[PDB]
Amino acid sequence: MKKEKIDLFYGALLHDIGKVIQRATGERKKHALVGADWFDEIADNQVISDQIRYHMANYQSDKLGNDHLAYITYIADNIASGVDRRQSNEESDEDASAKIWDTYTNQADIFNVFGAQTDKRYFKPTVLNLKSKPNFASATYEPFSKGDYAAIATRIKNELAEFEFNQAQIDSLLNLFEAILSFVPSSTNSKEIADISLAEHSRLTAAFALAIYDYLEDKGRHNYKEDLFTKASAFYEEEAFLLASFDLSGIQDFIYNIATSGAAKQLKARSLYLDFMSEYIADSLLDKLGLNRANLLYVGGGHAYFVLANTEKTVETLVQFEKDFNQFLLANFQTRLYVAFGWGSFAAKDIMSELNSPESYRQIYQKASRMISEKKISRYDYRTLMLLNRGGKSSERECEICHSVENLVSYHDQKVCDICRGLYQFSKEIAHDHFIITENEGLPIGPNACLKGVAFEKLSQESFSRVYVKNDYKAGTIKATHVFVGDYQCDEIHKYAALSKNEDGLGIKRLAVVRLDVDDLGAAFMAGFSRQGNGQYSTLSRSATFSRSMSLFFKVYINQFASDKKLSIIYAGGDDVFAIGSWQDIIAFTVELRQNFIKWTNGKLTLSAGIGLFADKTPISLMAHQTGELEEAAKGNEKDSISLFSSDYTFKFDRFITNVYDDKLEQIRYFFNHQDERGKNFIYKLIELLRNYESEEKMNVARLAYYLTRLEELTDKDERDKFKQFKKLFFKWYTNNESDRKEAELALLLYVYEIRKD
Amino acid sequence: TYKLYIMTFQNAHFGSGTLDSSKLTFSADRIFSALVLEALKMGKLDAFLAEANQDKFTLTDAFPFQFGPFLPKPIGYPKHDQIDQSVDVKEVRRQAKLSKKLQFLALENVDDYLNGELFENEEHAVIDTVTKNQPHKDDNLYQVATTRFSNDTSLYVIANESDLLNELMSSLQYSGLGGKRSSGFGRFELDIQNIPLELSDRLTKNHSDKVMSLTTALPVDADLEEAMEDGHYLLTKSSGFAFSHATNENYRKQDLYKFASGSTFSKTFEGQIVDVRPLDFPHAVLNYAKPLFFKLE
Amino acid sequence: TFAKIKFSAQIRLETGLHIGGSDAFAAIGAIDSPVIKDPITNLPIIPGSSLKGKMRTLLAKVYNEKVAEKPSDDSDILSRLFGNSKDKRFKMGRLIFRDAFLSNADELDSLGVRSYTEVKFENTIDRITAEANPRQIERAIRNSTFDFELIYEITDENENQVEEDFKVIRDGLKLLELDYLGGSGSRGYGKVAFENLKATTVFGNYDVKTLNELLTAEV
């Protein structure tokens, strides 16, 4: 895109850095002036300087030309905050501004305005780091401190001292901004709620400024002052934006359908490959329109949302891009993968909290969702279907993994297709942190574009169009797009069955697969904030801060939750979590993740989990299928449930945590490490009497009283004055109700799996 | 369009691409192939081929039968014209998920599903996997998936009343249906029942209103356009290895993409007994794609 | 003549049977070595793969006249009934096995049993230190019966070998009574008997009177 668009984007993104400098230094000057002065100390660019200086249109508008870009940026800021700041009169009286602005308040938690009203929490402003322990919001973190922002300002100045404001560096700046201001409020107005990070605020301002620029360029309207300042109320009514989206169907089937050995390496490679396919689709769509990742609201799980200019050229470019990528998917994966695009026209007034209404903010999503659904139902036209059904191929042999016929090759005396071959090659390249896009080298990720994972030292010897860096907040020497995925891996999957044994040989030789899902994520996105304030809390900014909160929780933070655990996180994006490892570590990881989530979201969103146990060398597709069934069963238990190893042990998460994992299983490892192998068999008998209580209810209870008082006689002298507790304990667990019987059954089964020697 | 053939299974395996995958119900190409093999083993293959060449022969995918015929969910009718409600988004997403999970509806309320009503799936079969080994080479540990039915639930198809088809079904009931038939899977007991008066009046083949398909049928090239513009459908592969008693080596047959059930259309079409055989092959491989339709309000 | 004969019988166990299923598949079983069960009724079953494999192995020591490293260089007698994947003319056999479900759970309930399966406790004694390591194995109860039902298909250009195939099947069944069904049967598991072993024609027409009397005579 043009140099003018580059300058406009940079001015829109850097307009509120003066707020950061003002909070760090404690100066009493206006934030725009401080930002412009600080920018002039580090870069000689007049256009960005005046954009930062005059991003409030009330500040010396008469000195600015009618075609000046700040009249765009200004109104874009009004779009990003969600509130028309002209009506609040906060820019015209300094004395009132000193009493309205509460500068001693940190960023509020996004969940303070989510769901039912609860206690308020506030985030301590911290620089995001991959290895850091979580930054949970807290009501104690409300007071503001200058020392926290001192390091923020120092690092921002150090990174922007030698920054080049050109095209190729643009993406890296966004990463830097995400690294620093994700826990700093955009506005400290007492009348407003500071749940919006300045991070996303500046990204949204830049995206909307680009959209308005494209719209005005299409319509030939270059009098920005007249259109966006004098007639801003009229511009707010014009349907100026397109809420676009794409959905890629076939991700689960493509990832999990592996039939032979080597399924682990393929499985992780396909997960990374498909995430990068989604990222490349988003970035190539943005490149074709001359936009950048600032317009990307959310990417992940095959779902991506964008805010685009509402022009016929945008609709055309969307249709032709969708057709080209559908042709590419038909050529490379036949009908397994299919991308469907979506869009809905909306105005500025549909997302400002003071002007919009809840059902319109729902309908702007619903239009794109409905159109995506209709395109998903009717996929291919007559010509494509006829081309698919031409037949006429005499192939004796098939692919051993994905059963494809196209382009079969021999490799390690197996017969793989071209895609399988590329994925086997890429499985050794996933260890690198740099992934380039070439024209014919690597896994075909797009039209005349292939993805290749290349080490850093060889990057200077490779030809590419775009480069991606995985799990890095540091702006490297190479201008690269930064992506974050959950990729923790302790050992190989085929070793996890044997790794469940301890140093003493204790533990069953089994492995576990956990599938976890966030409950009603889509309902949370659509109307999770609409419960409070009569729906005044339904705007784009808070929904997309919710999206970034979940993204940082599930693509960066799960890697820290999985630290020091013998497991691998295969897929972690959006709401679906897939992990595989030793069964004890899998259970502990699931419980820890649930607890950290319930602490992160204040309790307002729950998970549902399925944990399937399997033996060594179990084919991965079967493990994924059975664990998906267990996850569905856990969902069926009014959600907020965990299902362990079959549907019969479905519990509420809090019940499993409080009563089973940390209560009964503890009060069984205890007493039952005090009994020999002769008395560690009654553990099987107590299981049968719990599985057979509905037969012979009252003599099954008697059979218990007897069998419990026999374990307490087969013991050892005074070791038996210690098993006098089990009898009293397991008796009441047996006699209370069915829920505690099931909990004791699961606890006994867990203990049996822990102490097994075979 | 004449009878309501019922097959009561105990264990079955309908592979969807792998030995460890088993669907609840099979498709009509599988049962047509089973009939072809039983007819050729009988020796009366030519008579069955001549019967299939006629336009009277109609077949449909197996559907669940639990005290009444079931029909596949009509893909393409979640339409808001009968589901327009003022409920919250949580309930809208819950009902959308419930309808997406739904695959089969009872006959007595199919039109009720078109009135905006929401129904849940019923317990028909449990799909479980069993591990087996070979105790002479200690490396093969293969998993087989099953479709063990319960609660007096059977499968049913709709077809013309023919003595050849009746005896073919009777020989099928001791030969199994799909999967590892010589291992304890696929066998069934057959029953012949009359089509209910609320169903036979709806099974149609030739008119120009809204028709929901009952067979995994690929239309002829002449009328695919009408299925493209105003047709809602799902695409299903039909790949696999072509069984053959004439070749030592197993040949993969051509992958063919049909229209699933129940795909909704605005007009009926004609099916194909498509030759999916590989080149230079001695005998044909017939893939049956011929639709039986259901009228909608 | 296209007919199908159905050898139906009641397999009565005479010792505890341990066919054995996957730990997490046949339900999560606390015992170390669970037996395979029905996924709904949770009653032990005898899968048709078990019977087919054991019968093929037993008749592989009699009707093979040689040795085979794989179940592909087998005799024509075994290939024609069980099937051979690499032979064009026997890509599927004439025998169709079925799972044998529990058929006398009522009789077992009337006798007074509480479970249709039992836990047998064994141990191994070290040959040097003379220390005993215990072990548990799950078995199906002795007097449990299962519905055996095996079908043999007679087609055209196949009536010449029928009088042989009959004998083969009979021999196999006899060997299944003289050997163990799947499990640790060299140590006493899995001894079975066939009761009411008779064959009837169920599709088409065939003479099974001589076969029926020889089923009771030769067994």
Side-chain angles (χ1 to χ4, degrees), chain B residues 1-9 25-55 57-63 65 69 154-178 181 186-188 190-197 199-206 214-215 217 243 270-273 283-284 286-293, chain C residues 1-6 94 96 151-159 200-208:
Chain B
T1 46
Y2 292 167
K3 300 289 94 175
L4 207 76
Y5 287 78
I6 314 171
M7 294 182 286
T8 314
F9 290 91
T25 62
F26 58 89
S27 66
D29 66 329
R30 180 191 299 271
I31 188 171
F32 184 73
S33 300
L35 290 174
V36 164
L37 283 71
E38 276 295 283
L40 62 83
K41 207 150 55 183
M42 293 180 183
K44 44 183 76 173
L45 183 63
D46 291 331
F48 189 75
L49 277 296
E51 180 163 348
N53 297 328
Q54 306 308 113
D55 205 14
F57 182 76
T58 187
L59 183 63
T60 175
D61 306 331
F63 307 129
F65 182 87
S154 296
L155 298 192
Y156 64 91
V157 294
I158 299 160
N160 273 13
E161 173 51 71
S162 297
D163 282 20
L164 172 62
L165 199 79
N166 280 29
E167 61 86 20
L168 277 174
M169 284 291 117
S170 296
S171 66
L172 277 296
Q173 65 183 357
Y174 303 90
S175 286
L177 205 41
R181 291 148 40 210
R187 297 194 39 175
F188 62 89
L190 181 85
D191 181 73
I192 301 299
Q193 294 179 357
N194 306 323
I195 306 184
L197 295 174
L199 188 153
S200 186
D201 61 348
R202 214 89 83 81
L203 304 160
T204 51
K205 215 182 280 184
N206 296 115
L214 291 179
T215 300
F243 182 76
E270 182 65 26
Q272 308 176 201
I273 301 299
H283 65 279
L286 293 188
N287 203 342
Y288 175 92
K290 291 174 70 175
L292 179 44
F293 290 102
Chain C
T1 297
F2 189 85
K4 288 167 182 323
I5 297 169
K6 182 174 72 68
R94 315 154 195 187
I96 299 293
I151 297 169
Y152 167 65
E153 293 179 353
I154 297 169
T155 61
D156 63 280
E157 55 189 19
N158 261 355
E159 66 282 2
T200 61
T201 299
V202 176
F203 184 85
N205 305 121
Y206 205 78
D207 63 358
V208 300

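Residue numbers start from 1 in every chain, and the chains themselves are labelled A, B, ... in the order their sequence lines are given, proteins ahead of strands. Hydrogens, waters and symmetry mates are skipped; everything else that's a heavy atom, side chains included, is used.
B/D61 and B/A28 get closest at one heavy-atom pair: OD1-N, 2.9 Å. Nearest heavy-atom pair, B/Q54 versus B/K290, reported as atom, atom and distance to 0.1 Å: O-NZ, 3.4 Å. Here the closest non-hydrogen pair linking B/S171 and C/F2 is CB-CE2, 3.8 Å. For the pair B/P291 and B/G271, the tightest heavy-atom approach, listed with the atom from each and the gap, is CD-N, 3.7 Å. Between B/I31 and B/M169, the shortest heavy-atom distance links the atoms CD1-CE, 3.7 Å. Nearest heavy atom pair, residue B/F293 against residue B/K205, reads CD1-CA, 4.3 Å.
Residues C/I151 and B/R187 form a side-chain contact, since some pair of their non-hydrogen atoms from C-beta on lies under 4.5 Å apart. Under the 4.5 Å side-chain criterion, counting only non-hydrogen atoms from C-beta, B/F48 is not in contact with B/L40. Annotation: side chain of B/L292 is in contact with side chain of B/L203 (closest heavy-atom distance under 4.5 Å). The closest side-chain heavy-atom distance from B/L165 to B/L35 is below 4.5 Å. Inter-residue side-chain proximity for B/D55 and B/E270 is flagged as met; some heavy-atom pair is nearer than 4.5 Å.
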**OP:** Before giving the answer on side-chain contact (heavy atoms from CB on, under 4.5 Å), spell out for B/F188 and B/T8 the whole-Å C-alpha distance, their side-chain angles and the decisive distance to 0.1 Å.
**Re:** CA-CA 5 Å; B/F188 62 89; B/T8 314; 5.7 Å; no
**OP:** Apply side-chain contact (heavy atoms from CB on, under 4.5 Å) to B/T58 and B/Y2, showing your working.
**Re:** CA-CA 9 Å; B/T58 187; B/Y2 292 167; over 6 Å; no
Original post:
What's the verdict on side-chain contact (heavy atoms from CB on, under 4.5 Å) for C/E159 and C/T1, showing C-alpha distance, side-chain angles and the deciding distance?
Top reply: CA-CA 8 Å; C/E159 66 282 2; C/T1 297; over 6 Å; no
**OP:** Applying side-chain contact (heavy atoms from CB on, under 4.5 Å), run through B/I158 and B/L4 and close with a yes or a no.
**Re:** CA-CA 5 Å; B/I158 299 160; B/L4 207 76; 3.6 Å; yes
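B/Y288 has its ring centre less than 6.0 Å from the ring centre of B/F57. Between B/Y5 and B/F65, the distance separating the two ring centers is not shorter than 6.0 angstrom.
No more than 12 heavy atoms of other residues, nucleotides or ligands lie within 6.0 Å of CG in B/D163, so this atom counts as exposed by the packing criterion.
Distance CG/B/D29 to OG1/B/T215: 10.5 Å, rounded to 0.5 Å. A distance of 8.5 Å separates OG1 of C/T155 from NZ of C/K4, quoted to the nearest 0.5 Å. Annotation: the span from B/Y156 atom OH to B/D191 atom CG amounts to 14.0 Å, rounded to 0.5 Å. Atom NZ in B/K41 sits 11.0 Å away from atom CG in C/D156 (nearest 0.5 Å). Note that OH of B/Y174 is 13.0 Å distant from CD1 of C/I5, once rounded to the nearest 0.5 Å. With rounding to the nearest 0.5 angstrom, the CD atom of B/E161 is 4.0 Å from the CG atom of B/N166.
A donor-acceptor contact shorter than 3.5 Å is absent between the side chain of B/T25 and the backbone of B/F63. A distance-only check finds a donor-acceptor pair linking the side chain of B/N53 to the backbone of B/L49 [under 3.5 Å].
B/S175 and C/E153 share a side-chain donor-acceptor pair at under 3.5 Å.
When each of B/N160, B/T60, B/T204 is checked for a side chain to side chain contact (heavy atoms under 4.5 Å, CB included) with B/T1, only B/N160 meets the rule.
Note: B/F9 and B/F26 have perpendicular aromatic rings, judged against thresholds of 30 and 60 degrees for the angle between ring planes.
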